[PDB]
Structure formats: C-alpha cells, structure tokens
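Peer 1: Sequence, then structure. It's an experimental one.
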Amino acid sequence: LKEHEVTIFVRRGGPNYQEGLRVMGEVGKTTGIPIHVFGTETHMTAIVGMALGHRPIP
Amino acid sequence: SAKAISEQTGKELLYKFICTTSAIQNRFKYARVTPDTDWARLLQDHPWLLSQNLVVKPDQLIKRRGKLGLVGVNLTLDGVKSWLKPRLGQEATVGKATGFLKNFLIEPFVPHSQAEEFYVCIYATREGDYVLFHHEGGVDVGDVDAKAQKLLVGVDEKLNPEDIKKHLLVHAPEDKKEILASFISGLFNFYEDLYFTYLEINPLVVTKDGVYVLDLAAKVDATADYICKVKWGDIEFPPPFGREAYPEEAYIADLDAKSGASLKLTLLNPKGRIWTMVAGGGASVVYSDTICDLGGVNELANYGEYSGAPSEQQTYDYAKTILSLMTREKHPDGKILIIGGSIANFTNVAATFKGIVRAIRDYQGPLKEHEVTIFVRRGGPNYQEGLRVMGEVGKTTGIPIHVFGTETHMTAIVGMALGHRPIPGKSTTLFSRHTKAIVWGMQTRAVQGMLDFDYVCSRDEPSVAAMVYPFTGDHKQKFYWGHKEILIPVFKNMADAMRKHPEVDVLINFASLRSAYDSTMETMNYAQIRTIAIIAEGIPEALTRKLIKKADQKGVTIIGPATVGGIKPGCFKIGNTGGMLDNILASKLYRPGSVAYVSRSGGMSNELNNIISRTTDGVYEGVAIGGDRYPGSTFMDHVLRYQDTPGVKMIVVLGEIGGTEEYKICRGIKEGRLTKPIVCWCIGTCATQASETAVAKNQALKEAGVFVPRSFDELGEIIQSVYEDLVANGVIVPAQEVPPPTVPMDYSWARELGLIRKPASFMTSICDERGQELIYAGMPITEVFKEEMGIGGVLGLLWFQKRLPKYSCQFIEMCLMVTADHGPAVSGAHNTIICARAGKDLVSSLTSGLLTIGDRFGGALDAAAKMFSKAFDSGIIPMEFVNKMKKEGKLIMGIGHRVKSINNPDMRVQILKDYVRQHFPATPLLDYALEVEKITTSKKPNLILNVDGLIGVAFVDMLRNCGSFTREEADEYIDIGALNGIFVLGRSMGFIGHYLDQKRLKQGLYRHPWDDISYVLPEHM
Amino acid sequence: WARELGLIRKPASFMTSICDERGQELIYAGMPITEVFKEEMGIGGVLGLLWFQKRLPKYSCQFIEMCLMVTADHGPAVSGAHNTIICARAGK
Ligand SMILES: CC(C)(COP(=O)(O)OP(=O)(O)OC[C@H]1O[C@@H](n2cnc3c(N)ncnc32)[C@H](O)[C@@H]1OP(=O)(O)O)[C@@H](O)C(=O)NCCC(=O)NCCS
C-alpha cells in the first residue's frame, strides 16, 4: 500500500468517538499510511469534499 | 565524613600508624596555641616542645609566614610570650586578606639551618594521580604547576622505588637517598588510599642526619567514615575562617550537621537591595548571576535553599527565623527577596510551604519594616495550595506576596526590581521505546512513574525486569501496565536474579555505599549491565577507577552518579525527573522528540525540562555527567551517539567554575567536530582561577563556530531563533498535538471525590457493623443490654429484624429450650456423635450433624406449621379437615408419640402449652389445633400434638397473630422456612453437648459391627 | 464503561493461578480444553493441572487414576460412609 500511494480520510462519531480519535491517531502516526482524522466538528460528507480537492484540509 | 581536617587529629592517624624501614622520625609531634590557653596546657599534652625548635602559624587558612615574621625565628620562650601579647591575636594581611591571628598551629620546626627537609606532595582530580616533586621550595614559586617534576601515577599501578630512581628524580642529591626515599615512599601512602583533593609540602631540603618535613596543606575525602573507624578513627574537622558570621549561616551549617534535612540561608553582604532566599539551584544561581556580574560584589545579600523535610516544630523554628528576612530592615532604593524554581517538587507545597507558610504567617516586625519585596517559585508536582496558604494570612495581616507559575525565565525579578522592568558488543541505543531495564531498589512511586513513562509514551513494555538484591525473597510485585495488573519480580540473590533474567541490560542502582562494592561490583562483574544509572553518589574514585577502567575494558557506558534521570522521552526515564505527567504530556513527550542535552544540576534540570521541552520540541536525552571532572560517559560519547543517527538533529551543554575543561570541547570546536546546533551555559561565578567562569570559557567555547549563547536569558530567545531558522530550511518538521490518555487514579480515590459509578451486591438489611458501635437491627449494643432483651429479642432482631414484645422473646427462648437435645438415638445427634467420636473438631462435627435437619428428621416444625396454615386459611371444619387428610393418605404432621399419651401428658408439650395459654393473647390457630387434638385423641390414645407440632402451630400463631407482620410478611417467613431455623438453632446446643461429652468421656472410634448391616449385593454383574 | 475504555484503576484479590475461564476456550492450568482432549490426559492429567498445575507423565496419571480407583468406598460400616447412609436415610 506504500507501493500503491494511499491516503485515508476518516470521519467519525459514536461511543468513545474522542478516544477512538486518539488511538487511531497514534496508529496512523506509527505506520505512516496517512490518515486524515476528523471528528464531529466538520460536516459528515465534507471529507469527500476535501478528499477530491474541492475545499482545503485544516 | 572527612573534609578540611584538623591536623592534630589527621597527624594522629598519620603519626600513629606509620610503617617503613628507615624511620619516620618526629612522630606524635604537633601542637596548637591560643590566648584562650597558656603555653602550659599545649606544653604539657605535647611535652617534646622543650626539645626541638618551633614554627607557628595561624590555622585559619592563612598563608606565607617566613618573610612576614609571624614565626618568631630564633626567639626564646618569654620572647615568644611577650611576642604573643602583640601578635597572637592581632591583625595581618597576606595576598589580599587581613585578619585576626588566634589559632596558631605551633608545629615542629625541626632544628634546622636551611639544609634539612625534602620537597613533596600530591594532588588529585577524578583520571589519574598527580605527584609533585621539587628541588626548589618556598611559597613564592607562583607558577608551581609549570616548573615542577610532575608525574601521573596511571590507572592501576603501584609505586616502585626503582621507578622513582629511574625517571622522576634526575635532579636529586644522593647521600640522603638511602634514608629519604624509603621514608618518602611511606609519605606517598598519605595520598591515594586517602583520596585527597589537594596536598602540598613546600620548602623542603637534604643533609646527613635525618629526612625532613615541615608545612602541610590538605584537602581530604569523606564518606567511608564507617569503614575507617578501624583505620581513620574518631577524627575531627574544622570549618573555614571568615568574618564573624551573622548567626543564620552558622545555624544553617551546624543544622546541616545535625539532621538529615539540609536547610540553607547564607549571607553574602548584609545591606543588599537584592536578598536571595531561594529554594532550588538554578534560579538561585542565575538570578544571583544577573546580580553578581552586574555589581552584586558590593551589595548582594545572600544565597540559600532547603530540603530534607524537617518536622513540625523544627521547621516552625527555621520558619520563624524566616520571619526574620522581609518584616524589619532597609535599603533606600527598595529590596528584593528571590524565591525561585520551576513548578514545585514532591512536597505538597503545604509541606515545604508549611515551612514557608509558617515562615510567613506570624511576626511582621523583624524581616522588612524598612522596604523589601518577594517573588516565589519551586520545581516538581503540587504547588498551588501552598502558594495560596502563604497568601492566606500573609494577606489578611497585609504583607504583599506575588506568587507565580513558570511563564517567566530564571532572570526576571533581578530583571525588574533594580527599577528595571515592571512588577507583575556494546549497545548504542541507550534509551529507546524498546529498551529493557533493571531497577535495583524499591522505588514504587517512581516505579509507577517509570511504568507510567512506558505506558503514557504509547510504548509496549514495562521498564522493570527485576529487583536485584541479596536480602529478600523471590516473588513478583503488583504494578500497573496501563490499566492491567502485572507482576514484576523481586529477587533474593543476585546470581539467582541474573541467572533468572537474561532479557536484562540497564540497572538503576539504589544500593547504599555499604553495598555498592559487593552488590554493585558483583552486578558489574555480571556482564548483563550496559548502562549503570547509579543513584548512589560517589563510588569512590579508585573503586570507580576499577569501574572506569572496566568501562574501557568491559566497556559499559556509565551515565552514573546522582542522576534524577537519563530521560529520553517517548522512550525511557530513570526515576523522578520532571514533575507529574503535567510536565511529560504538557511537553508532548509521547511521540518522539529530536533534541538532546547535557547539564550539571537537577534543580535547573526541572527548568531545563521546562525550557528544552517547551522552547524546543522536547528532550531526547539528558546526561548528568557527575559533579566531578573526568566524565565516565562524557559530552562526546553521546554526541557520537546522535550525530550518526538519522533521526536526531541538535544538542545542549552546561558548565561550572575554575580549571581547563570546556577547552576539551574547543579541542572539539576548534578542530571541527560539531556541526549541529548546540546551546551551552555556565553556573556560579560569585567571585566575592579565571577560566571556567562563564565569561572566559564561554569565550573558550565561543570562538570557532560551535554555538554558545551569552546567558541564560536569551537561551529561550536564541533557542527560539535557532529553532525557527532550522525549521526555516525544512529539516525539522513540527508534530501536531494529540490528546494524551496516565495513572488512572484509583477506584477508591475517584470514589473518594465521587466520580465514576459502581453497582453493589449483597443487599443485607441487617446488623450495621461499622460506626462508633456495633449496631444491630436498629439498636446499639448498650441499648440491647440496657432495654434488657435476652436472646429472644435478638432472634427477633436477626431473623425477623423486628423488636418482638417481651412475651414473644421469652416464648422464642422457651422454644429454643425445648428444641434442645432429645437424646442421642436420633439421627442428627447420631451423626454428631459419630463425627465427634472420629475426633475431628467442634465445628466439623456439629456441622455434619446439623446437616441432617431436613424433612424426615426435624422437619416436622415447618411441615406441622404449613399444613395447619393451609387448612386454617382455606377453612374447613376439623371434623372434615381430619377426614380430608384421611381421604388423601399423608398423616397429619406433628401428631403421635410412642409413649406419653393422655392422663399421662407429655409434660414438655404441657410446659409450652400452658405458656401459650397464659402469656399469649389472640391465639386462634392453637385453638384450631387443640380442637384437632380433641378430635384425634378419640381415634387413638397416643395421637397427641407433638412438641414438633405444637411449636409449629404456636409459632405461626405468634407470627400471623401478634402484630408486626401483615399476612404477606408472616406467610413469606413460613414459605421461606423460618420454622426450620428454630429447630436448628435449638438442636445445635444438644449437638455440641454431645460433642463435648464424647470428647470428655474419651471414647475412641466407633465402627458399627458387621452384624447390623446385612449386605444385599447383586449376584455377578 | 470506564474500564471498557480504561481510565480508573482497581486492585484485584482472589489470585487463582488456575483455570482461565474467559476467552475462546476453557483453559485449564496452561492448556486449552481441546489440547486436554487431543493430548489425551485423563483425570489424572487434570488433577495434575488442577492440583499441582503440572503435566504429569503417562505412568503418573495412570497411577493416579488407579489410585483413585482404590481409594473409593471401603464399605458402609466405616465412619464417614455410615454418616452418609444416615443422612441419605433421612432423605435430604
Ligand atoms: C392393629 C391396630 C393397632 C390398628 O393399627 P392402627 O390403629 O391403624 O395404627 P395407627 O394408630 O397408627 O393408625 C390409626 C389411625 O391413626 C391415623 N394416623 C396414624 N398416624 C398418623 C399421623 N402421623 N398423623 C395423622 N394421622 C395418623 C391413621 O391415619 C389411622 O386412621 P384410621 O384408623 O381412621 O384409618 C388396632 O386395630 C388394634 O388395636 N388391635 C388390637 C385389638 C384387637 O385386635 N382385639 C381383638 C380381640 S381383643
């Protein structure tokens, strides 16, 4: 997948949504396949709005 | 200890224990004169004074006599006396120091014209051993370090006199070598096994008759006093001489001598306008640096610290003296009081600021009445509350206190109140996120800190592989891996523990100086130990010479003594540096950093955690090299470790005063070793030689392009500029902040302040055991025995949890008394006697007998209650109830006796029956059962109500016919089986009576003979 | 819920060096129950695992099962079996 040039966009909510953000934030840090983590402060389908480059990524 | 030495007592050891072939003469010969004695007392304890000549010196560390005439040279006794009246105790100046002349070491000048001594002596550092030989004496050599015969005695080699004759003594007279040299060999013994710092005998010369010695100057090492009560002995120490000390300095020095606490307040000029009363090292020095290099040679008032936790009254006393520096006195421009640090130690600041709260709260007359001003700071966890309480009555009697956090640098308040700004196979991965370590010692708070450092850095495995001892058991200790409970082993023997654990490479050493050698050298000849983090401070320098020669042989990379850690964050931490997790997670140390340091002190290791982590991206190493001078793993051995590593990028370094050492770094700097960004700073000028003062060797760091800043001020500013310049070309990429997860607090502590939730089991509406008395159903034991309820009352309180009235308790007592033993043929008492007779114990015998109370034996109590209850509530006439029980089989339970029938009543049925006829109101069920009895005794004579029938019907009568029970409470106690319990608690008395009887009659085992069994086995299966 | 996400703490009693019930299999001393039946240790094997927490050899488990086969009933006259027949005869 490092041969295949991937980018992960994640948007999430639920029970332990914040520490779910924590734990998958540190694993997206530990192996370096890039994960864009997003919580509930964004719109739900905004991350495919910025995944196709139609709006910026904070 | 041993330190400055008193030369009466040092020469006691030397002159009492000297051993050589050609004689040390002039032994036991030393003396001391004051005007507080005569010549006579020192003349009589040292009588040889009437034999040889005399030289006299002030033993207040005063130099250069011979040309000044403070020796009375060739002068007689009364000449010396009428010399003592205008010189023993008058003023003189040498160098630049004047003073009184009171303690005169009056010493054997051996009767000599200037041919009869010979020059030696020897000084030490931390590397190898420097002996100085000289032909040219006199205290006027000046540069004695440039012309002398120097010789290094190397690592681990002993003197041969043939070595001395071959290449050190080219320049010596020979007719006295056959005496002196053997003499001289013994005198060398005064050095290396004595661990000196500096030792000199100067001017000294050879003749025919003797060998001679004159003038001692000595600086001596300590902590093996307990080893040397056999060889040093009961030896005494002087303090240094100065002006007459204002009493707080001597109170503090002898207070260091008294307790285990170290309290510190030492004056430097009494009429300052900047007082420093600090607790901590780094802020004290740098604030007094911006003082004492900007003109605090003339005014600067003091310096101090305090540690070691003195008790209630002792810190109350020290506390009221420190209601003696800002409440009294004056400087017309305004005075400062400097209390520094960086977020506060492990004191709850209720503790050391119980020191400083009770140091304030009291005396406002005698510290300031004449204008001083406070600022305050400290370093570790738990700060805010003690800052407050010093605020509390320091405020409501009116004294202004400015409390702080750490938004400032170490230099601010000396920056403000001069009118000056406003007032507010050897491994190279030493530490990593997979490094596996050993803790020597019980450090469970900081074991939790270090396993916390393994968990909160998002790492995989804990830091402690074993506790590696001689003196306990083998077990495992419960600690926390995050939230899981894990078990980490504590060991008896160290060969056992190294035998048990080969996963093992780095040891944190809480061994004492008694067992640094046996335990820690035993550890150091187990090859498992790669970096030895020695929390013992001062394995002595020949023992640690065996260690450092073994760190070049065995090669182990020692980051040793007095370390508050060797902390690579994200990766590893040794003990208790930094603070709480406030300082680890607030400085983003769970994903890796990039910037290393080497420092000297620990009180600024708090603020250099604060700085190096909060102005740069974090700590990547901290190396406290030791407070001495040849580092065992140095600056450079870790610069080697990081310059070749592709992840890490830049480094910080610290220094101290006097001598040529940061010149070795300019052997690194001038020759071009370091290309990474480096940041350095030097501690403690206070000159009130030249070279590792901050100016001269920050110069001798500064020049060839390996970076040092000016001061500690702009170290935040120049680290900020260097960091933004090194981000500016795109080699450092800053990480984005992730929330951290810790110690999870406790179930007990989060419930103590009430924060989690938990459902409880075991509902128990009975017998509150806790509180100021044992509480029964609702009633105290004093109210139990004071209202005078017997055991019937407490059966009501235990079984039904209601205060039954005074007739019902007595009825229950009577039922328990007639449900006592009914003889030993019956089956439960039979098993009791079989088990008692097998000699088991009381409780197993009784309980095996009570485990037969069922339905066929002893279950007539509940059955003869439920049957009559089901007949009386579904009411039929007993003349048809007895026929209804006739129509179904199933004989009426509780009716029938083998013997005692009628006109012969059962006479315990009668005792209970005439109890219920008398003391028992409202009794319909007994009237029903007695009419059943009147019907049944016409059938047969025997056919009477049993006591097992009568207690059943009378107890249901008690329950559902007195008060306190509804009919869903009374019938629920019958449906549950509370009538079994009466028979059981009754018959337990008779069972234990049978047990005690079968033990007391001392019968052996019962066997049940074979003519009572009649085996009926099948034919052949 | 707080321990499902892990933030509070609790020290545990009942130290039980035996028989992990939780997880995908009934683990005995150190061995899964399918490994109990595939290695074919009998009740001597599980007495080794339960009582001593040690895998006893194939002559030892056979001796332990023979041993439990001889320490069975020794007739109804003796003291404990007598108390059993009394308590059973009261129909408990
Ligand atoms: C043989 C004899 C004893 C009968 O035995 P028995 O009376 O049935 O034994 P019991 O006393 O236990 O039983 C009689 C009643 O008591 C009842 N009963 C017995 N135990 C009971 C119990 N725990 N609970 C309630 N009822 C019980 C029975 O249900 C029975 O009822 P029933 O007779 O109305 O049907 C009687 O016939 C007799 O006395 N014979 C000698 C006299 C003689 O034969 N003379 C000839 C010439 S002199």
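Peer 2: That came through, no problem. Numbering: from 1, shown residues only, chains lettered A, B, ... in the order given.

Peer 1: Which residue does chain A have closest to chain C?
Peer 2: Closest contact between chain A and chain C, by Cβ to the nearest Cβ, is at residue A:16 (5.4 Å). Any C-beta I mention is one placed from the backbone N, CA and C, and that applies to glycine too.

Peer 1: That residue: neighbouring residues, count only.
Peer 2: By other Cβ atoms under 10 Å in any protein chain shown, 13 other residues sit near residue A:16.

Peer 1: wait, doesn't it sit right on residue C:7?
Peer 2: No - in this structure, residue A:16 is not within contact of residue C:7 by Cβ atoms under 8 Å, at 10.7 Å.

Peer 1: Let me see the ranges of the strands in chain A.
Peer 2: Here chain A has its strands, by DSSP state E, at A:8-11, A:35-38.

Peer 1: what's the last one packed up against?
Peer 2: Secondary structure elements in contact with strand A:35-38, counted by 3 or more Cβ pairs under 8 Å, 6 or more residues apart in numbering or on different chains; DSSP states H and E, are strand A:8-11, helix A:17-31, helix A:47-51.

Peer 1: If we use 6 Å, what do you get?
Peer 2: strand A:8-11, helix A:17-31 (3 or more Cβ pairs under 6 Å, 6 or more residues apart in numbering or on different chains; DSSP states H and E).

Peer 1: Check the first one too.
Peer 2: Of the remaining helices and strands, those touching strand A:8-11 by 3+ Cβ pairs under 6 Å, 6+ apart are strand A:35-38, helix A:47-51.

Peer 1: returning to what we had before: quick check, the residue of chain A closest to chain C in contact with residue C:5.
Peer 2: Yes - counting by Cβ atoms under 6 Å, residue A:16 sits close enough to residue C:5 to count as a contact (5.4 Å).

Peer 1: quick one on the thing from earlier: need the winner for burial among the helices and strands packed on strand A:8-11.
Peer 2: Greatest average neighbour count among the helices and strands packed on strand A:8-11 goes to strand A:35-38 (a mean of 17), per mean count of other Cβ atoms under 10 Å in any protein chain shown.

Peer 1: Walk me through which strands it pairs with, and which way each runs.
Peer 2: Within its sheet, strand A:35-38 is paired with strand A:8-11 (parallel), according to DSSP bridges.

Peer 1: Not including adjacent chain positions, what is the nearest residue to residue A:38?
Peer 2: residue A:11 (4.3 Å; Cβ to Cβ, 6 or more residues apart in numbering or on different chains).

Peer 1: For the one you found, grab the count of nearby residues.
Peer 2: Count around residue A:11 with other Cβ under 10 Å applied: 16.

Peer 1: Unless I'm misreading it, it sits right up against residue A:37, doesn't it?
Peer 2: No - assessed by Cβ under 6 Å, residue A:11 is found out of contact with residue A:37, at 8.4 Å.

Peer 1: Tabulate the strands of chain A (a markdown table), appending distance to the ligand.
Peer 2: What follows is these, written out as a markdown table (distance: least, Cβ to the nearest ligand atom, whole Å):
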| stretch | distance to the ligand |
| --- | --- |
| strand A:8-11 | 80 |
| strand A:35-38 | 82 |
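
Peer 1: what about the nearest residue to residue A:1 once chain neighbours are set aside, distance to chain B?
Peer 2: Spatially, and ignoring its direct neighbours in sequence, residue A:1 is nearest to residue A:33 (6.1 Å; Cβ to Cβ, 6+ apart). Separation of residue A:33 from chain B (Cβ to the nearest Cβ, to the nearest Å): 16 Å.

Peer 1: Name the nearest residue to residue A:35, sequence neighbours excluded.
Peer 2: Residue A:35's closest residue in space is residue A:28 (Cβ to Cβ, 6+ apart), at 3.3 Å.

Peer 1: next one: residue A:13
Peer 2: Closest residue to residue A:13 apart from its sequence neighbours, by Cβ to Cβ, 6+ apart: residue A:40 at 4.8 Å.
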